[PDB]
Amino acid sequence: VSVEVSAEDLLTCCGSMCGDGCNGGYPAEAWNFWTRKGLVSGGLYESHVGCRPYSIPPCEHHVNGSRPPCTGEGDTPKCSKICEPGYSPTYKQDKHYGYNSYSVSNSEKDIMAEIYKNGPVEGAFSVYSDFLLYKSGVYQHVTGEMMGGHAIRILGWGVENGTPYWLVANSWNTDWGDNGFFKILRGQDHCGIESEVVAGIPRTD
């Protein structure tokens, strides 16, 4: 068990540098804020775990479940530089800083080495209509219209029936895709998956 870094804290307090909160942002800038300003703890919606738990309730992301459906993009919550009541210590004391941040070269070999040496990385890819419908297997865009960019966490790789892939975690809850995860084609910068990878080293060491 270890520190769960607060999506809320970064999303709400980064600002201009990172983009426009709930309406888009820059991951490279996000990693950079972590190095400069650091980030506090904070769990999932209504969990009361951490300094700043996520404040936007979960929903059904293009799947059927019991949760209310997702309704596009709402209001970026404000930046509250204080922890939830019932949590200690303070927000300043609760910050975790990154030592550095850096892009990872557009080589599947270089992305693979990075993950292997240092852990999971963040990357971005282009979501097409046919991606929404993903349940399992290895995703490979065929049909659909370009929908927009999507930032994710790449945590591994492998081969499923001759098809190489990246093991990727989405943030659309557990009832989407393969328990919230998905595999997407590896080695061809498919949908630009290898082209926008960013990572960094914890200040702790």
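We number the residues from 1 along the sequence you see.
- Looking at mean Cα B-factors across 61-69 and 143-151, the upper value is held by 143-151.
- Checked against the record, the higher mean CA B factor of 162-170 and 52-60 lies with 162-170.
- Ranking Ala124, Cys83, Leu133, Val121 by Cα temperature factor from the entry places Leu133 first.
- Listed residues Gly192, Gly25, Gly187, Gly15 were ranked by CA B-factor as deposited; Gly187 comes out on top.
- The entry lists a Cα temperature factor for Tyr87 that places it in the middle third of the chain's modelled residues.
- Ranked by Cα temperature factor within the chain, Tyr116 sits in the middle third according to the deposited record.
- Sort the chain's modelled residues by C-alpha temperature factor and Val1 lands in the middle third, per the entry.
- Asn179 sits in the middle third of its chain by CA B factor, as recorded in the PDB entry.
- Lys78 sits in the highest third of its chain by CA B factor, as recorded in the PDB entry.
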